[PDB]
Amino acid sequence: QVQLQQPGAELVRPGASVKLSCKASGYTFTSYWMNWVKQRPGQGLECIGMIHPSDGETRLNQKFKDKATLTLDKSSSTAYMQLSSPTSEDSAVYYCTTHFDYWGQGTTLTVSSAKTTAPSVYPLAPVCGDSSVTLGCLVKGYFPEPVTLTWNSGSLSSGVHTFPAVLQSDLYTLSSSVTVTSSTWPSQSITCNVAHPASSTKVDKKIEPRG
Amino acid sequence: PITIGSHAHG
Amino acid sequence: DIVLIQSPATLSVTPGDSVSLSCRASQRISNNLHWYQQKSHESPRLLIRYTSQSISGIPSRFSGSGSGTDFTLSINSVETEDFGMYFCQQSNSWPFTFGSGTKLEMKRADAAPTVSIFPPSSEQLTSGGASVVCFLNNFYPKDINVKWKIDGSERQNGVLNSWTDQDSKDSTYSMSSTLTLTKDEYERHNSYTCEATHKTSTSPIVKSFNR
């Protein structure tokens, strides 16, 4: 079967070049154009360019003429797209697709100067002296994605909103809310648990009423 | 010259 | 470059409804117009090529029409699996360009947000940073304006906003907004307010505390 295999994620320091790969299988590699598409999440799609593996004929979008370089390693049926001098505007998902019918899963490229960094995890109790109660957990200053956040080790799963992480000045912030009846908390305990595989950390923070 | 969808559909 | 204009931005439907999505081109592109569907966390999928030629296996409720500068995607009776983003793309001239997308979402009753404000935790306040968190939960439709006020005056920089996808079970949206200051600055103001304006009311929902 036709497959276009892309890594899920790449991390790059600003100013350091990165090469993304798209490994093709299950068809004649030299019979179809290979296209690269950029998408900033929640935003639209942009054609970066295309290369035909027959002879390496390349068409670039002028917008990327100083940013993107398309190459191949035909012996391994792989197409590459190299980004020069990356900046935070280059953080995006990048797809390879042949004729816009078969698509790779996309590579999430993140540009940051950060090292692997465990999050600071903060319990959020309601305003001091303030039928339902909403508690929160703030997950700040980490790198890279992802984290796994749970409440009461997963046994508290309803009434939860865990928000997508947002990268800002090299680090991610995420938050989660949980809503329970006022007879549930604080009479029963509620704790936010946060695992960050890249740092091998798992942290618990009990939500306590403010004094 | 590229035909959109021609890889999967000719 | 050829510009593609899509409308509307958002279409809110009940399963069974019929819809029409518009794409208009800045110049004649003949029949060289394609439609894609993109679901959350997925790559785009080719739906219709060359204006009206439906892709093998795409349900027959989908059809495309138009020519020259004016194109339409029709969905006969929307199923829940049809919710997501729809993009048009022209391949008349290089660089191939995409429209800004139409989001097809599930219609439900208008709902005001449940708003909750959280002062910095004492844990964070042992650090040099201070974040105030506001959760705006379970509202509909998605359009919402959130302001942070510090001693009555609006502050926009150092704000980090994150939005959930439409909830698959109740069709609402939620948003988290985080205002971060240095601890030193935080301790030099008293009043912190999160203000939400949503179509469900003429007056904003205001949540506030004094430090």
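All chains are named by letter (A, B, ...) in the order of the sequence lines, taking the proteins before the strands, and each is independently numbered beginning at 1. Just so it is clear, the values below take in all heavy atoms, side chains as well, and ignore hydrogens, waters and symmetry mates.
Looking at C:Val146 and C:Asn161, their side chains never come closer than 4.5 Å, going by heavy atoms from C-beta outward. Annotation: side chain of C:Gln166 is not in contact with side chain of C:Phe83 (no heavy-atom distance under 4.5 Å). Within the 4.5 Å cutoff, no side-chain heavy atoms of A:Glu10 are placed close to those of A:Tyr94. Contact check for C:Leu4 versus C:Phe98: no side-chain heavy atoms found under the 4.5 Å cut-off. Residues A:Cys96 and A:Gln6 form a side-chain contact, since some pair of their non-hydrogen atoms from C-beta on lies under 4.5 Å apart.
A:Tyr27 and A:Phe29 have tilted rings, their planes meeting at an angle from 30° to 60° on a 0 to 90° scale. In this structure, A:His99 and A:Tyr32 have perpendicular ring planes: the angle between them is above 60°, well past the 30° mark.
Taking the ring pair (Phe, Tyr, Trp, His ring centres under 6.0 Å) definition, one finds that A:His161 meets it with nothing, sequence neighbours left out. For C:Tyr173, the ring pair (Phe, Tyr, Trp, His ring centres under 6.0 Å) criterion is met by no residue, not counting sequence neighbours. For the side-chain contact (heavy atoms from CB on, under 4.5 Å) test, residues two or more places apart in sequence or in another chain that qualify with C:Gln156 are C:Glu154. Under the side-chain contact (heavy atoms from CB on, under 4.5 Å) criterion, A:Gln188 pairs with A:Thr184, sequence neighbours left out. Residues forming a ring pair (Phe, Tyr, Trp, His ring centres under 6.0 Å) with C:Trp148 (at least two apart in sequence, or on another chain): none.
Across all their heavy atoms, A:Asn152 and A:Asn193 have their closest contact at N-OD1, 3.6 Å. Between C:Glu105 and C:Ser12 the shortest heavy-atom distance is OE2-OG, 2.5 Å. Across A:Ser91 and A:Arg40, no two heavy atoms sit closer than the pair O-CG, 3.9 Å. The two residues A:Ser158 and A:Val178 come nearest to each other via the heavy atoms O-CG2, 4.1 Å. Across every non-hydrogen atom of A:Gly141 and A:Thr173, the tightest pair is N-OG1, 4.4 Å. The two residues C:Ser177 and C:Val159 make their nearest non-hydrogen contact at OG-CG1, 3.5 Å.
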Q) Passes salt bridge (charged side-chain N to carboxylate O under 4.0 Å, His left out), C:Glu185 versus C:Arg155? Steps please. A) CA-CA 13 Å; C:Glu185 199 201 343; C:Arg155 160 97 46 112; 2.7 Å; yes
Walk me through whether C:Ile58 and C:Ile48 qualify under side-chain contact (heavy atoms from CB on, under 4.5 Å). CA-CA 8 Å; C:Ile58 300 302; C:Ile48 299 202; 5.5 Å; no
- Message: I'd like to know whether C:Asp17 forms a salt bridge (charged side-chain N to carboxylate O under 4.0 Å, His left out) with C:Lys107, so could you lay out the CA-CA distance, the side-chain angles of the two residues, the decisive distance to 0.1 Å, and finally the verdict.
- Response: CA-CA 10 Å; C:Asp17 288 348; C:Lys107 172 87 156 137; over 6 Å; no
Starting from the C-alpha separation in whole Å, work towards a yes-or-no answer on side-chain hydrogen bond (donor to acceptor under 3.5 Å, both in side chains) for C:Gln90 and C:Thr97. CA-CA 6 Å; C:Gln90 65 82 26; C:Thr97 46; 3.1 Å; yes
Checklist entry - Does the side-chain contact (heavy atoms from CB on, under 4.5 Å) test come out yes or no for B:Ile2 and A:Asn35, once each step is laid out? => result CA-CA 10 Å; B:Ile2 196 173; A:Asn35 277 265; 3.4 Å; yes
Begin from the C-alpha positions of C:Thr182 and C:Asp184 and carry the test side-chain hydrogen bond (donor to acceptor under 3.5 Å, both in side chains) through to its verdict. CA-CA 5 Å; C:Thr182 61; C:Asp184 287 347; 5.7 Å; no
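For the atom pair CD1 (C:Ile2) and CG (C:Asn92), the distance works out to 5.0 Å, reported to the nearest 0.5 Å.
The neighbour count for C:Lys39 NZ, taken as heavy atoms of other residues, nucleotides or ligands under 6.0 Å away, is above 12. Crowding of C:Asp143 atom CG: a count of heavy atoms from other residues, nucleotides or ligands under 6.0 Å not exceeding 12. In A:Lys23, the NZ atom is not crowded: 12 or fewer heavy atoms of neighbouring residues, nucleotides or ligands sit closer than 6.0 Å. Heavy atoms from other residues, nucleotides or ligands lying under 6.0 Å from NZ of A:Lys74 number more than 12. Within 6.0 Å of CZ on C:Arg45 lie no more than 12 heavy atoms contributed by other residues, nucleotides or ligands.
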Quiz: residues 116-135 of chain C side-chain donor-acceptor pairs under 3.5 angstrom, not counting sequence neighbours:
from     : atom 1 : to       : atom 2 : distance (Å)
C:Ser121 : OG     : C:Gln124 : N      : 3.1
C:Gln124 : OE1    : C:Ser131 : N      : 2.9
C:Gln124 : NE2    : C:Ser131 : OG     : 3.0
C:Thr126 : OG1    : C:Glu123 : O      : 2.7
C:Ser127 : OG     : C:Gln124 : O      : 2.5
C:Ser127 : OG     : C:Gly129 : N      : 3.2
C:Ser131 : OG     : C:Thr180 : OG1    : 2.8

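One N or O on the side chain of A:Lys67 and one on the backbone of A:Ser84 form a donor-acceptor pair closer than 3.5 Å. Between the B:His7 side chain and the A:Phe100 main chain, no donor and acceptor come within less than 3.5 Å of each other. With A:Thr58 contributing its side chain and A:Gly56 its backbone, the two residues share a donor-acceptor pair below 3.5 Å. When atom types are taken as modelled, the side chain of A:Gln39 and the backbone of A:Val93 share no donor-acceptor pair closer than 3.5 angstrom.
For A:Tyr142 and A:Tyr172, the ring centers are positioned less than 6.0 Å apart.
For the residue pair C:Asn137/A:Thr179, the side-chain donor-acceptor check at 3.5 Å is not satisfied. Side-chain atoms of C:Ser56 and B:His9 form no donor-acceptor pair, as typed in the model, at a separation below 3.5 Å.
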